[PDB]
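Everything below belongs to structure_18.cif, which stores mmCIF, C-alpha atoms; chains and numbers go by the auth columns.
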```cif
data_target
#
loop_
_atom_site.group_PDB
_atom_site.id
_atom_site.type_symbol
_atom_site.label_atom_id
_atom_site.label_comp_id
_atom_site.label_asym_id
_atom_site.label_seq_id
_atom_site.Cartn_x
_atom_site.Cartn_y
_atom_site.Cartn_z
_atom_site.B_iso_or_equiv
_atom_site.auth_seq_id
_atom_site.auth_asym_id
ATOM 1 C CA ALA A 1 142.286 26.751 31.870 0.00 1 A
ATOM 2 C CA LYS A 2 140.021 23.918 32.954 0.00 2 A
ATOM 3 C CA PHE A 3 137.001 21.765 32.492 0.00 3 A
ATOM 4 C CA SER A 4 135.290 18.947 34.294 0.00 4 A
ATOM 5 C CA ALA A 5 133.256 16.137 32.833 0.00 5 A
ATOM 6 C CA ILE A 6 131.853 12.774 33.842 0.00 6 A
ATOM 7 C CA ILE A 7 133.405 9.747 32.154 0.00 7 A
ATOM 8 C CA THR A 8 130.567 7.886 30.475 0.00 8 A
ATOM 9 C CA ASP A 9 132.605 5.245 28.719 0.00 9 A
ATOM 10 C CA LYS A 10 131.516 1.873 30.209 0.00 10 A
ATOM 11 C CA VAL A 11 135.129 0.724 30.471 0.00 11 A
ATOM 12 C CA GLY A 12 136.417 3.982 31.863 0.00 12 A
ATOM 13 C CA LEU A 13 139.562 5.758 30.746 0.00 13 A
ATOM 14 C CA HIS A 14 141.127 2.799 29.064 0.00 14 A
ATOM 15 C CA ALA A 15 143.965 2.272 26.652 0.00 15 A
ATOM 16 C CA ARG A 16 142.455 3.594 23.424 0.00 16 A
ATOM 17 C CA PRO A 17 141.259 6.881 24.823 0.00 17 A
ATOM 18 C CA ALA A 18 144.228 7.306 27.101 0.00 18 A
ATOM 19 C CA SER A 19 146.601 6.774 24.176 0.00 19 A
ATOM 20 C CA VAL A 20 144.744 9.261 21.987 0.00 20 A
ATOM 21 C CA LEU A 21 144.590 11.800 24.775 0.00 21 A
ATOM 22 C CA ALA A 22 148.281 11.435 25.682 0.00 22 A
ATOM 23 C CA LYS A 23 149.162 11.988 22.034 0.00 23 A
ATOM 24 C CA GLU A 24 146.967 15.035 21.787 0.00 24 A
ATOM 25 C CA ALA A 25 148.092 16.544 25.051 0.00 25 A
ATOM 26 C CA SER A 26 151.745 16.048 24.086 0.00 26 A
ATOM 27 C CA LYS A 27 151.421 18.591 21.341 0.00 27 A
ATOM 28 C CA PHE A 28 150.968 21.440 23.781 0.00 28 A
ATOM 29 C CA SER A 29 153.537 23.376 25.667 0.00 29 A
ATOM 30 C CA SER A 30 151.084 23.809 28.542 0.00 30 A
ATOM 31 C CA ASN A 31 151.157 21.572 31.586 0.00 31 A
ATOM 32 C CA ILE A 32 148.075 19.400 31.296 0.00 32 A
ATOM 33 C CA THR A 33 146.915 17.640 34.392 0.00 33 A
ATOM 34 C CA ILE A 34 144.018 15.268 34.880 0.00 34 A
ATOM 35 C CA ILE A 35 142.435 15.095 38.328 0.00 35 A
ATOM 36 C CA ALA A 36 140.209 12.285 39.559 0.00 36 A
ATOM 37 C CA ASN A 37 139.296 11.431 43.162 0.00 37 A
ATOM 38 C CA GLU A 38 142.434 12.084 45.211 0.00 38 A
ATOM 39 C CA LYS A 39 144.761 11.433 42.244 0.00 39 A
ATOM 40 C CA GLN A 40 146.388 13.899 39.845 0.00 40 A
ATOM 41 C CA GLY A 41 148.236 12.885 36.709 0.00 41 A
ATOM 42 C CA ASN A 42 150.063 14.249 33.666 0.00 42 A
ATOM 43 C CA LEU A 43 147.752 13.791 30.710 0.00 43 A
ATOM 44 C CA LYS A 44 150.742 13.575 28.433 0.00 44 A
ATOM 45 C CA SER A 45 151.731 10.289 30.034 0.00 45 A
ATOM 46 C CA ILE A 46 149.710 7.237 29.042 0.00 46 A
ATOM 47 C CA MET A 47 151.132 5.347 31.989 0.00 47 A
ATOM 48 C CA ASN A 48 150.144 8.048 34.446 0.00 48 A
ATOM 49 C CA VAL A 49 146.635 8.191 33.032 0.00 49 A
ATOM 50 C CA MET A 50 146.176 4.442 33.018 0.00 50 A
ATOM 51 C CA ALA A 51 147.546 4.154 36.584 0.00 51 A
ATOM 52 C CA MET A 52 144.750 6.475 37.665 0.00 52 A
ATOM 53 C CA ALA A 53 142.385 3.696 36.646 0.00 53 A
ATOM 54 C CA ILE A 54 139.545 6.118 36.041 0.00 54 A
ATOM 55 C CA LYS A 55 136.280 4.258 35.854 0.00 55 A
ATOM 56 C CA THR A 56 132.840 5.135 34.522 0.00 56 A
ATOM 57 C CA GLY A 57 130.921 7.772 36.474 0.00 57 A
ATOM 58 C CA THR A 58 134.051 9.390 37.674 0.00 58 A
ATOM 59 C CA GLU A 59 134.099 13.149 37.469 0.00 59 A
ATOM 60 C CA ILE A 60 137.412 14.310 36.113 0.00 60 A
ATOM 61 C CA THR A 61 138.911 17.731 35.829 0.00 61 A
ATOM 62 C CA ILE A 62 141.424 18.733 33.203 0.00 62 A
ATOM 63 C CA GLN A 63 143.631 21.705 34.024 0.00 63 A
ATOM 64 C CA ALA A 64 145.913 23.274 31.403 0.00 64 A
ATOM 65 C CA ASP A 65 148.491 25.875 32.434 0.00 65 A
ATOM 66 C CA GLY A 66 150.607 27.573 29.885 0.00 66 A
ATOM 67 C CA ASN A 67 150.712 29.700 26.818 0.00 67 A
ATOM 68 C CA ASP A 68 148.491 27.474 24.726 0.00 68 A
ATOM 69 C CA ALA A 69 146.186 26.431 27.489 0.00 69 A
ATOM 70 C CA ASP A 70 143.070 27.779 25.900 0.00 70 A
ATOM 71 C CA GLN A 71 143.617 25.755 22.745 0.00 71 A
ATOM 72 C CA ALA A 72 144.767 22.734 24.722 0.00 72 A
ATOM 73 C CA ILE A 73 141.586 22.573 26.797 0.00 73 A
ATOM 74 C CA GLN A 74 139.368 22.667 23.715 0.00 74 A
ATOM 75 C CA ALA A 75 141.544 20.162 21.911 0.00 75 A
ATOM 76 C CA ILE A 76 141.371 17.791 24.880 0.00 76 A
ATOM 77 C CA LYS A 77 137.624 18.280 25.384 0.00 77 A
ATOM 78 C CA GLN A 78 136.954 17.594 21.722 0.00 78 A
ATOM 79 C CA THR A 79 139.186 14.564 21.852 0.00 79 A
ATOM 80 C CA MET A 80 137.219 13.142 24.770 0.00 80 A
ATOM 81 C CA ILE A 81 133.987 13.718 22.937 0.00 81 A
ATOM 82 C CA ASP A 82 135.358 12.230 19.769 0.00 82 A
ATOM 83 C CA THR A 83 136.567 9.129 21.580 0.00 83 A
ATOM 84 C CA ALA A 84 133.147 8.855 23.254 0.00 84 A
ATOM 85 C CA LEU A 85 134.756 9.094 26.683 0.00 85 A
ATOM 86 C CA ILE A 86 132.374 11.816 27.698 0.00 86 A
ATOM 87 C CA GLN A 87 129.148 13.222 26.303 0.00 87 A
ATOM 88 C CA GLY A 88 129.316 16.289 24.139 0.00 88 A
#
```

For this file, produce the structure as structure tokens.
Amino acid sequence: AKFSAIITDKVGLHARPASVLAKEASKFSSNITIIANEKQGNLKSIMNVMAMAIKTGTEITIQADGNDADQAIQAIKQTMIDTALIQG
């Protein structure tokens, strides 16, 4: 399962949103990867996500693989919207 979106947050994918996303992703059995530029990371890891240093305008792709992938993708998309990282 997957979705792509453009990061519209003016600070990028920074601590607050990364922390919230890592928490949310960690609930899922699925493997949840975040892809940006040439980098791929585990969305469940705040360090991994911060290390990606995703900045505004970057188009990211979230890929969920696993038994709860469909829920996971929606949960993650909503989370991004809720944290204002992306536009709903």

Task: Picked residues, the PyMOL selection byres ((chain A and resi 66) around 8), as number ranges by chain - done: A: 29-31, 64-65, 67-69

TODO: Rank nothing, just name the residue among A:8, A:33, A:42, A:19 nearest to residue A:73, using only C-alpha atoms.
DONE: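 Among A:8, A:33, A:42, A:19, it is A:33 that comes nearest to residue A:73.
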
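Atom CA of residue A:61 lies 4.1 Å from atom CA of residue A:4.
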
Open item on the list: For the provided coordinates, the residues matched by the PyMOL selection byres ((chain A and resi 52) around 10) should be stated as a PyMOL selection string.
Closed with: chain A and resi 13+34-41+46-51+53-55

TODO: Return as a PyMOL selection string the set of residues that the PyMOL selection byres ((chain A and resi 58) around 6) yields on the displayed structure.
DONE: chain A and resi 6-7+55-57+59

Open item on the list: Report, in Å to a single decimal, how far apart atom CA of residue A:78 and atom CA of residue A:26 are.
Closed with: 15.1 Å

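Minimum atom-to-atom distance to residue A:71, evaluated using all atoms listed in the file, belongs to A:25 out of A:18, A:25, A:5, A:85.
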
Open item on the list: Just checking: using all atoms listed in the file, which residue out of A:11, A:20, A:43, A:1 ends up closest to residue A:80?
Closed with: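 Residue with the minimum atom-to-atom distance to residue A:80: A:20.
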
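Here atom CA of residue A:75 and atom CA of residue A:87 stand 14.9 Å from one another.
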
Since the input lacks some atoms of stretch 55-70 of chain A, please model N, CA and C atoms and print them as a PDB file, in the coordinates of the input.
```pdb
ATOM      1  N   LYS A  55     137.369   5.123  36.388  1.00  0.00           N
ATOM      2  CA  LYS A  55     136.280   4.258  35.854  1.00  0.00           C
ATOM      3  C   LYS A  55     135.034   5.108  35.567  1.00  0.00           C
ATOM      4  N   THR A  56     134.103   4.492  34.868  1.00  0.00           N
ATOM      5  CA  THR A  56     132.840   5.135  34.522  1.00  0.00           C
ATOM      6  C   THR A  56     132.195   5.809  35.748  1.00  0.00           C
ATOM      7  N   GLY A  57     131.630   6.961  35.521  1.00  0.00           N
ATOM      8  CA  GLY A  57     130.921   7.772  36.474  1.00  0.00           C
ATOM      9  C   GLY A  57     131.777   8.732  37.220  1.00  0.00           C
ATOM     10  N   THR A  58     133.117   8.538  37.002  1.00  0.00           N
ATOM     11  CA  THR A  58     134.051   9.390  37.674  1.00  0.00           C
ATOM     12  C   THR A  58     134.032  10.786  37.063  1.00  0.00           C
ATOM     13  N   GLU A  59     134.039  11.780  37.917  1.00  0.00           N
ATOM     14  CA  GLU A  59     134.099  13.149  37.469  1.00  0.00           C
ATOM     15  C   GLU A  59     135.613  13.531  37.471  1.00  0.00           C
ATOM     16  N   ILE A  60     136.018  13.922  36.266  1.00  0.00           N
ATOM     17  CA  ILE A  60     137.412  14.310  36.113  1.00  0.00           C
ATOM     18  C   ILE A  60     137.458  15.809  35.819  1.00  0.00           C
ATOM     19  N   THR A  61     138.641  16.342  36.098  1.00  0.00           N
ATOM     20  CA  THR A  61     138.911  17.731  35.829  1.00  0.00           C
ATOM     21  C   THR A  61     140.244  17.787  35.061  1.00  0.00           C
ATOM     22  N   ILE A  62     140.223  18.528  33.983  1.00  0.00           N
ATOM     23  CA  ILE A  62     141.424  18.733  33.203  1.00  0.00           C
ATOM     24  C   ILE A  62     141.838  20.216  33.370  1.00  0.00           C
ATOM     25  N   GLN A  63     143.067  20.400  33.766  1.00  0.00           N
ATOM     26  CA  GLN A  63     143.631  21.705  34.024  1.00  0.00           C
ATOM     27  C   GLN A  63     144.835  21.910  33.066  1.00  0.00           C
ATOM     28  N   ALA A  64     144.784  22.986  32.329  1.00  0.00           N
ATOM     29  CA  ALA A  64     145.913  23.274  31.403  1.00  0.00           C
ATOM     30  C   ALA A  64     146.522  24.607  31.879  1.00  0.00           C
ATOM     31  N   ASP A  65     147.820  24.644  32.007  1.00  0.00           N
ATOM     32  CA  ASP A  65     148.491  25.875  32.434  1.00  0.00           C
ATOM     33  C   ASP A  65     149.649  26.119  31.484  1.00  0.00           C
ATOM     34  N   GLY A  66     149.574  27.294  30.857  1.00  0.00           N
ATOM     35  CA  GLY A  66     150.607  27.573  29.885  1.00  0.00           C
ATOM     36  C   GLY A  66     150.097  28.420  28.771  1.00  0.00           C
ATOM     37  N   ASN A  67     151.018  28.739  27.864  1.00  0.00           N
ATOM     38  CA  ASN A  67     150.712  29.700  26.818  1.00  0.00           C
ATOM     39  C   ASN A  67     149.675  29.283  25.854  1.00  0.00           C
ATOM     40  N   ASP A  68     149.507  27.948  25.687  1.00  0.00           N
ATOM     41  CA  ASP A  68     148.491  27.474  24.726  1.00  0.00           C
ATOM     42  C   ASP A  68     147.365  26.770  25.402  1.00  0.00           C
ATOM     43  N   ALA A  69     147.200  27.072  26.694  1.00  0.00           N
ATOM     44  CA  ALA A  69     146.186  26.431  27.489  1.00  0.00           C
ATOM     45  C   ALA A  69     144.807  26.492  26.922  1.00  0.00           C
ATOM     46  N   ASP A  70     144.449  27.688  26.393  1.00  0.00           N
ATOM     47  CA  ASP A  70     143.070  27.779  25.900  1.00  0.00           C
ATOM     48  C   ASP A  70     142.814  26.833  24.769  1.00  0.00           C
TER      49      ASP A  70
END
```
